[PDB]
Amino acid sequence: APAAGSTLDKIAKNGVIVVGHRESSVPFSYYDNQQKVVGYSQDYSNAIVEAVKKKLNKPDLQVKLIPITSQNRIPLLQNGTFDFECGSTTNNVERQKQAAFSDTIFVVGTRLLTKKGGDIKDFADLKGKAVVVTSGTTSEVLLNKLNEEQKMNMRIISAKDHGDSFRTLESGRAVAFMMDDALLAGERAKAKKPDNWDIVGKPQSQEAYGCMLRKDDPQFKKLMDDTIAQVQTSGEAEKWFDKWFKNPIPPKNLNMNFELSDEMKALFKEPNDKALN
Ligand SMILES: N[C@@H](CCC(=O)O)C(=O)O
């Protein structure tokens, strides 16, 4: 039975499960402009919600969706503003000190989005340039460290969410947008002129996405991991990948045209929660 102070206990006592979600993490957790929060990662959230309803024997359990940001996700998680979220949050050692993560659901490389006809081809070209990044992300940490350690004299602009960062680039307020490659492609898919943007540069890091939940809650993590494991090992995860990464997706019916890496296929065979950092 759920111990006091655990998430399942909180949900049962409050009579509702609070699902944190993203507004601009395409195509993981975002608004489809059809009144729904959708995406590859959100699909796991829905599966986890179903598992919770079953586990607690509450078929009519309330489900409340609350938007979160890269910057406020941990503080909101810690005071229980939301119970868990599946989106584009990187699982790393530092964050494990403040939260817990489910088995890995995606892997990304941190790169740059910039104009095709522009002069930015790699990270070295960013010296003395204006670069935008989303507040509270691993890319912001990496970019600031690179700026300091390599004395790049970059003017770093920190935006509230990925769409804001992209629009900063699109409107000429920055020459490049540094972020997880999948997210860069996601913002490009919503651009006024998608073809005008290229993802370039050597990845500054390889990062694993995991649904995030509160730390020291083994029972809720188990429920989430068990749900993820069945989705991945059954072949359902790949079907979700194809839907969100190989077919037209909202809100502009564009295609990500991504391919599932052999590494991801290996993980789907045997799910695990190892932080890549
Ligand atoms: N995955 C990175 C950037 C993307 C995001 O935060 O939504 C992070 O967790 O910081």
# chains A, B, ... in the order shown; residues from 1 in each chain; ligands from 1
>>> select_by_dssp(residues="range 6-235 of chain A", states="alpha helix (DSSP H)", output="MDAnalysis selection string")
chainID A and resid 7:14 40:55 73:78 138:149 162:170 181:188 218:233
>>> residues_near_ligand(ligand="ligand 1", cutoff="7 Å", atoms="only C-alpha atoms and all ligand atoms", output="PyMOL selection string")
chain A and resi 25+70+88-90+136-139+179-180+207+209
>>> residues_around(residues="residue 176 in chain A", least_positions_apart="6", cutoff="9 Å", atoms="only C-alpha atoms", output="PDB file with N, CA and C atoms, in the first residue's frame")
ATOM      1  N   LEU A 112      23.028  23.451 -33.022  1.00  0.00           N
ATOM      2  CA  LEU A 112      22.611  24.819 -33.337  1.00  0.00           C
ATOM      3  C   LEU A 112      21.643  24.927 -34.507  1.00  0.00           C
ATOM      4  N   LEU A 113      20.680  25.837 -34.397  1.00  0.00           N
ATOM      5  CA  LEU A 113      19.749  26.091 -35.488  1.00  0.00           C
ATOM      6  C   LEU A 113      20.158  27.480 -35.978  1.00  0.00           C
ATOM      7  N   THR A 114      20.316  27.633 -37.289  1.00  0.00           N
ATOM      8  CA  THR A 114      20.750  28.910 -37.847  1.00  0.00           C
ATOM      9  C   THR A 114      20.288  29.029 -39.300  1.00  0.00           C
ATOM     10  N   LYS A 115      20.383  30.231 -39.869  1.00  0.00           N
ATOM     11  CA  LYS A 115      19.971  30.454 -41.255  1.00  0.00           C
ATOM     12  C   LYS A 115      20.850  29.693 -42.248  1.00  0.00           C
ATOM     13  N   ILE A 120      27.036  30.909 -40.126  1.00  0.00           N
ATOM     14  CA  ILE A 120      27.264  29.989 -39.015  1.00  0.00           C
ATOM     15  C   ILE A 120      27.227  28.538 -39.485  1.00  0.00           C
ATOM     16  N   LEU A 126      30.442  31.126 -33.734  1.00  0.00           N
ATOM     17  CA  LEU A 126      29.617  31.892 -32.807  1.00  0.00           C
ATOM     18  C   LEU A 126      30.382  32.953 -32.026  1.00  0.00           C
ATOM     19  N   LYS A 129      29.182  36.638 -31.272  1.00  0.00           N
ATOM     20  CA  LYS A 129      27.828  36.694 -31.819  1.00  0.00           C
ATOM     21  C   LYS A 129      26.743  36.594 -30.755  1.00  0.00           C
ATOM     22  N   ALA A 130      25.522  36.946 -31.147  1.00  0.00           N
ATOM     23  CA  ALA A 130      24.369  36.861 -30.260  1.00  0.00           C
ATOM     24  C   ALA A 130      23.787  35.461 -30.452  1.00  0.00           C
ATOM     25  N   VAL A 131      23.640  34.726 -29.356  1.00  0.00           N
ATOM     26  CA  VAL A 131      23.113  33.370 -29.416  1.00  0.00           C
ATOM     27  C   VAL A 131      21.971  33.232 -28.417  1.00  0.00           C
ATOM     28  N   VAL A 132      20.864  32.638 -28.848  1.00  0.00           N
ATOM     29  CA  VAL A 132      19.732  32.462 -27.955  1.00  0.00           C
ATOM     30  C   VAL A 132      19.662  31.028 -27.445  1.00  0.00           C
ATOM     31  N   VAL A 133      19.174  30.885 -26.218  1.00  0.00           N
ATOM     32  CA  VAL A 133      19.043  29.582 -25.573  1.00  0.00           C
ATOM     33  C   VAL A 133      17.883  29.676 -24.585  1.00  0.00           C
ATOM     34  N   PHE A 166      13.195  30.233 -30.587  1.00  0.00           N
ATOM     35  CA  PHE A 166      13.192  30.175 -32.042  1.00  0.00           C
ATOM     36  C   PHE A 166      12.775  31.496 -32.677  1.00  0.00           C
ATOM     37  N   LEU A 169      15.473  33.957 -32.968  1.00  0.00           N
ATOM     38  CA  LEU A 169      16.354  33.665 -34.097  1.00  0.00           C
ATOM     39  C   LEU A 169      15.698  34.098 -35.405  1.00  0.00           C
TER      40      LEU A 169
END
>>> closest_residue(among="A:51, A:200, A:212, A:254", to="residue 91 in chain A", atoms="only C-alpha atoms")
A:212
>>> closest_residue(among="A:259, A:85, A:226, A:103", to="residue 42 in chain A", atoms="only C-alpha atoms")
A:85
>>> select_by_dssp(residues="range 32-254 of chain A", states="strand (DSSP E)", output="ChimeraX atom specification")
/A:37-38,62-67,84-85,100-115,130-134,155-159,176-180,197-200,206-213
>>> write_last_selection(atoms="N, CA and C atoms", output="compact mmCIF listing (two decimals), in the first residue's frame")
# COMPACT_ATOMS: atom_id res chain seq x y z
N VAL A 37 -2.88 18.68 -25.62
CA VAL A 37 -1.46 18.63 -25.32
C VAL A 37 -1.08 17.26 -25.87
N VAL A 38 -0.23 17.25 -26.89
CA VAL A 38 0.15 16.01 -27.55
C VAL A 38 1.65 15.82 -27.69
N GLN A 62 -9.57 12.18 -11.33
CA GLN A 62 -9.30 13.44 -12.02
C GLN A 62 -7.85 13.53 -12.49
N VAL A 63 -7.98 14.13 -13.76
CA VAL A 63 -6.66 14.35 -14.34
C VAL A 63 -6.53 15.83 -14.69
N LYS A 64 -5.52 16.48 -14.13
CA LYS A 64 -5.31 17.90 -14.38
C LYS A 64 -3.97 18.15 -15.03
N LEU A 65 -3.99 18.87 -16.15
CA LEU A 65 -2.77 19.20 -16.89
C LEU A 65 -2.31 20.61 -16.53
N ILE A 66 -1.05 20.72 -16.11
CA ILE A 66 -0.47 22.00 -15.73
C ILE A 66 0.80 22.27 -16.54
N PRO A 67 0.85 23.42 -17.22
CA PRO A 67 2.03 23.77 -18.01
C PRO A 67 3.23 24.09 -17.13
N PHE A 84 4.12 14.37 -12.04
CA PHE A 84 5.14 13.85 -12.95
C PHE A 84 4.93 14.53 -14.30
N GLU A 85 5.96 14.48 -15.14
CA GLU A 85 5.88 15.05 -16.47
C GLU A 85 6.75 14.24 -17.41
N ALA A 100 13.77 12.52 -9.47
CA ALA A 100 14.02 11.18 -9.98
C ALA A 100 13.56 11.12 -11.43
N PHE A 101 14.08 10.14 -12.16
CA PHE A 101 13.74 9.99 -13.57
C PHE A 101 13.34 8.57 -13.92
N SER A 102 12.44 8.45 -14.88
CA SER A 102 11.96 7.16 -15.36
C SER A 102 12.99 6.60 -16.33
N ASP A 103 12.69 5.43 -16.88
CA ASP A 103 13.59 4.84 -17.86
C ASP A 103 13.61 5.84 -19.02
N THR A 104 14.72 5.84 -19.75
CA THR A 104 14.92 6.74 -20.87
C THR A 104 13.92 6.54 -22.00
N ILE A 105 13.41 7.65 -22.54
CA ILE A 105 12.44 7.58 -23.63
C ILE A 105 12.95 8.18 -24.95
N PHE A 106 14.05 8.92 -24.88
CA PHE A 106 14.64 9.52 -26.09
C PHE A 106 16.06 9.99 -25.82
N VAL A 107 16.84 10.13 -26.89
CA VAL A 107 18.21 10.60 -26.78
C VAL A 107 18.43 11.71 -27.79
N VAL A 108 19.09 12.78 -27.35
CA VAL A 108 19.36 13.93 -28.21
C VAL A 108 20.80 14.43 -28.14
N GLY A 109 21.15 15.28 -29.10
CA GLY A 109 22.48 15.87 -29.14
C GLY A 109 22.24 17.37 -29.19
N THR A 110 23.00 18.14 -28.42
CA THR A 110 22.82 19.58 -28.39
C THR A 110 23.57 20.27 -29.53
N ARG A 111 22.82 20.87 -30.44
CA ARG A 111 23.40 21.52 -31.60
C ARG A 111 22.89 22.94 -31.80
N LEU A 112 23.03 23.45 -33.02
CA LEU A 112 22.61 24.82 -33.34
C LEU A 112 21.64 24.93 -34.51
N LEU A 113 20.68 25.84 -34.40
CA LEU A 113 19.75 26.09 -35.49
C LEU A 113 20.16 27.48 -35.98
N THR A 114 20.32 27.63 -37.29
CA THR A 114 20.75 28.91 -37.85
C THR A 114 20.29 29.03 -39.30
N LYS A 115 20.38 30.23 -39.87
CA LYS A 115 19.97 30.45 -41.26
C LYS A 115 20.85 29.69 -42.25
N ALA A 130 25.52 36.95 -31.15
CA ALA A 130 24.37 36.86 -30.26
C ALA A 130 23.79 35.46 -30.45
N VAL A 131 23.64 34.73 -29.36
CA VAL A 131 23.11 33.37 -29.42
C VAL A 131 21.97 33.23 -28.42
N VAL A 132 20.86 32.64 -28.85
CA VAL A 132 19.73 32.46 -27.96
C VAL A 132 19.66 31.03 -27.45
N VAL A 133 19.17 30.88 -26.22
CA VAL A 133 19.04 29.58 -25.57
C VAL A 133 17.88 29.68 -24.58
N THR A 134 17.23 28.55 -24.32
CA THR A 134 16.10 28.53 -23.40
C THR A 134 16.56 28.48 -21.94
N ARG A 155 26.99 36.97 -26.86
CA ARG A 155 25.96 37.66 -26.10
C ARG A 155 24.85 36.62 -26.00
N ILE A 156 24.69 36.04 -24.81
CA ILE A 156 23.69 35.01 -24.62
C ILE A 156 22.33 35.55 -24.20
N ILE A 157 21.34 35.27 -25.04
CA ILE A 157 19.96 35.70 -24.80
C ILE A 157 19.20 34.49 -24.27
N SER A 158 18.60 34.63 -23.09
CA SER A 158 17.85 33.52 -22.49
C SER A 158 16.35 33.74 -22.59
N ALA A 159 15.67 32.88 -23.35
CA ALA A 159 14.23 32.98 -23.54
C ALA A 159 13.47 32.00 -22.65
N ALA A 176 21.99 32.35 -33.91
CA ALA A 176 21.81 30.92 -33.74
C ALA A 176 21.06 30.62 -32.46
N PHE A 177 20.42 29.45 -32.43
CA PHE A 177 19.65 28.97 -31.28
C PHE A 177 20.26 27.63 -30.89
N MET A 178 20.84 27.53 -29.70
CA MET A 178 21.43 26.26 -29.26
C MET A 178 20.42 25.47 -28.45
N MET A 179 20.22 24.21 -28.83
CA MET A 179 19.27 23.36 -28.12
C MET A 179 19.32 21.93 -28.64
N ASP A 180 18.69 21.01 -27.90
CA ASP A 180 18.61 19.61 -28.28
C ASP A 180 18.20 19.57 -29.75
N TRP A 197 16.04 27.23 -42.33
CA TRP A 197 16.85 26.90 -41.16
C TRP A 197 17.55 25.55 -41.20
N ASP A 198 18.81 25.56 -40.78
CA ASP A 198 19.65 24.37 -40.74
C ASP A 198 20.13 24.06 -39.32
N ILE A 199 20.24 22.77 -39.02
CA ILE A 199 20.75 22.34 -37.72
C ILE A 199 22.21 22.01 -38.02
N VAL A 200 23.12 22.74 -37.38
CA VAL A 200 24.55 22.55 -37.61
C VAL A 200 25.38 22.42 -36.34
N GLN A 206 25.48 14.54 -25.33
CA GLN A 206 24.52 13.52 -25.72
C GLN A 206 23.69 13.39 -24.45
N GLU A 207 22.39 13.59 -24.56
CA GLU A 207 21.53 13.56 -23.38
C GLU A 207 20.31 12.66 -23.47
N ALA A 208 19.97 12.03 -22.35
CA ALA A 208 18.82 11.14 -22.30
C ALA A 208 17.60 11.80 -21.66
N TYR A 209 16.46 11.69 -22.32
CA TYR A 209 15.19 12.22 -21.82
C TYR A 209 14.55 11.17 -20.95
N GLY A 210 13.95 11.61 -19.85
CA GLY A 210 13.26 10.69 -18.97
C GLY A 210 12.08 11.45 -18.39
N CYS A 211 11.00 10.76 -18.05
CA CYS A 211 9.87 11.44 -17.43
C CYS A 211 10.41 11.78 -16.04
N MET A 212 10.04 12.94 -15.50
CA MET A 212 10.53 13.33 -14.19
C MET A 212 9.45 13.22 -13.11
N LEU A 213 9.88 12.79 -11.93
CA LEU A 213 8.99 12.62 -10.77
C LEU A 213 9.79 12.99 -9.52
>>> residues_around(residues="range 242-252 of chain A", least_positions_apart="2", cutoff="12 Å", atoms="only C-alpha atoms", output="VMD selection string")
chain A and resid 24 26 to 43 106 182 to 183 185 to 194 235 to 240 254 to 261
>>> closest_residue(among="A:71, A:204, A:76, A:83", to="residue 17 in chain A", atoms="only C-alpha atoms")
A:83
>>> atom_distance(atom1="CA of residue 2 in chain A", atom2="CA of residue 223 in chain A")
11.7 Å
